[PDB]
Each structure stands twice: as C-alpha cells, then as structure tokens.
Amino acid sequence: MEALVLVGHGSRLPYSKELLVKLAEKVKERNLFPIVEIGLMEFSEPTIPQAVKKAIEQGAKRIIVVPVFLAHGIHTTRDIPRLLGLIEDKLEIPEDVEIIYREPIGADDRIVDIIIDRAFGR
C-alpha cells in the first residue's frame, strides 16, 4: 500500500547507482517495506519517473520518496519535486495516489560517526 522509492543524483561513473542498489538491498533485508524501488535523476536507469510508475504498477497508493543526498541542492528543491509533479512545471501523472517527499540526510550524528570512522581508515 506504501512504496519506498530511493532517489539519487546518478552519474556517468557507476558508483552512484551501485550505491542506491546496495542501499535498496539493505532496506529490503530489514523487511520493513512492501515495495522498494530506486531511481536516478540523470544518465542512469531506472529514472525517477520509471521508479515511481514501477511502484504504482505494484499497487502502491502512498509512495514515500527519499532523496539520498547529503545536502539540499537544486536537484532536491526544483528538479525532483518537478519530476514528481509536486510543483507546477517528461512529466509523470499518478492516479489518486499521493507522493510523499521526504527530507535529505543532513547533519545527522550517524554521519559524523561515519566521518570519524572514515578518517581512521575504518
């Protein structure tokens, strides 16, 4: 009834989409979501609209879209809410489904923990 769609920048190198894929798999393994899909903004497949439609086609009524970005970028505040038709302006139209657009990662202490670890080659 609810879908989780992870959404990432995308890049010409594969690291970006590998990342979303591993993250998808780890949340699949937590057994918390009925449906879980990923979508890259640019130059990769699947795209956000594909991912969103791919979630409706499994019968989600509420789609939770989580931008896997650290900071609030232009992408997180113009392009993606556009793609989702949450802001008036390659568009995707859903039928009596609500898209729920979440917050990015931000300065979460868990990041600092990761950062600290990363400093020490851990």
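Residue indices: 1-based, along the sequence shown.
- According to the entry, the deposited sequence places 10 or more unmodelled residues between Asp89 and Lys90.
- Checked against the record, the higher mean CA B factor of 55-63 and 91-99 lies with 91-99.
- For the pair 65-73 and 79-87, the mean B factor over Cα atoms is greater in 79-87.
- Across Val7, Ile115, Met1, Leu4, the entry's maximum B-factor at the CA atom is seen for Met1.
- Annotation for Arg110: CA B-factor lies in the lowest third of the chain's modelled residues.
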